[PDB]
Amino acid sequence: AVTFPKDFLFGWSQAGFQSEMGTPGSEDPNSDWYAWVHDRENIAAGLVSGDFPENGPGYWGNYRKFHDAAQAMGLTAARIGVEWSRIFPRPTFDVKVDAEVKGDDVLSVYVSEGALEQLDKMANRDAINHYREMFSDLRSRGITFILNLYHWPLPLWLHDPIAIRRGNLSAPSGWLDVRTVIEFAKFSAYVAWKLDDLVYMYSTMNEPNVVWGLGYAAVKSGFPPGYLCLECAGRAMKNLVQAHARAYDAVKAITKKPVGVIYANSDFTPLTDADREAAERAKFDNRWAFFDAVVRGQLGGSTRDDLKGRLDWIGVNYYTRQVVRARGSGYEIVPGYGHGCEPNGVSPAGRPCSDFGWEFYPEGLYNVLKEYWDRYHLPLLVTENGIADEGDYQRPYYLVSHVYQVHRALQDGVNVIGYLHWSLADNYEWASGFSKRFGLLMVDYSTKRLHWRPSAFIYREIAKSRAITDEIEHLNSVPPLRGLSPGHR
């Protein structure tokens, strides 16, 4: 068996927007992402799937059944997000705070108790109360709660993504506006102030790199505001760094609990030995730039004392690798591997690819954990790992294999504190809609019933034993190819 420490957390991660709606009274129309996915032009263009989150899995109403399943599965932790748009559907700009802003730089944001009280008057009571209800229930199952403050949607008053898509950059511009940093610090303080008694650890945000990158660079991904603008991507990146740091400080003014961040990772593997330098450049550009900012205060060639040391732990999201080839002194991502595979194809390495076209590459998770650990020596939590797999064909192997790799990291001295699968149940996969099914539990979107995939039973074994048991260790292997789609050669 491959045994984990007794305190090691096995759980799941979940987003508000992806999972909450679907039950009566749950609809939240007041986010950029909601507007974005309902936009007729986006739908007609195929930027978004045409599926809508209000037809989703209904965690808002059915949370007890989600928690029931998690408890039955032996899960001891959940990282779940709250939605800013629900809590502050109306603007909070007029709540005065003490913020030192020097042009593009937000150096501090102090949120007084008076401001918190004014925010409380402005907050949506049903929303914040409901979060307390859901998270209290969660805790009542013996599930440790990691609260993630931001998981992409912004209140519409902060971002009109259609206006921005259209190039009206005077419209509310989301992470292109330093105001959003300040409002986020306010929001983060407020949520900690309200909910801290339920929270074990905080994350400020989930995968900010996807926000800036898909929002402004990889615009075929259909993410808001889908405004192809490299400068904008950088501006959003910087504002997300600043938002993280200012939220860290605001939350720490309320609570001394650990405050971290959750980030989208790939293992950047060189196509050949000659591409090792290129792979390192990719890692820097795509990973260390953000972390060196919030850990070391290094951003854009200068060091900011107001950014340094603003991280207590690192949430590693990991799905697959990116294979990197040198291109001059730059680099390029090699198609056919990693995230760039044929959906339900096979990479040139012989690794099957998920329903999303993501390559089976568990070894990457060890590498990413090791690299983060060696660089910063901050505690690591695997905050996402999973697979789009409607058939549960690859998932059992995917699950055990990746858990094994976490064990390897642990054995080698990485302080990894848990593994959170993405996700307990199927949910709304953003621009892809509902057809990308990442759950251990299948969701019937008509009935809202949860259904256990066999991988859920495998995860129960792992979670209840805190081990890859002898019975299931064989799943630490690559899915046999013959029965799977071969894709195209």
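Numbering starts at 1 and follows the sequence shown.
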ask   = Looking only at CA atoms, which has the higher mean B factor in the entry: 134-142 or 240-248?
value = 134-142
task = Can you let me know which of the two, 460-468 or 416-424, has the higher average C-alpha B-factor in the entry?
result = 460-468
remark   = Per the deposited entry, the peak Cα B-factor within the set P396, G260, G114, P224 goes to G114
task = Could you tell me which one of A185, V295, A78, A253 shows the highest CA temperature factor in the PDB record?
result = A253
key: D275 CA temperature factor, ranked by third within the chain   = highest
task = Determine, from the deposited record, the chain-internal third of the Cα B-factor for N55: lowest, middle or highest.
result = middle
key: Chain-wide C-alpha B factor ranking for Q322, given as lowest, middle or highest third   = middle
key: Chain-wide C-alpha B factor ranking for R351, given as lowest, middle or highest third   = middle
inquiry  = Using the temperature factors of the C-alpha atoms in this entry, rank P362 within its chain: lowest, middle or highest third.
reply    = lowest
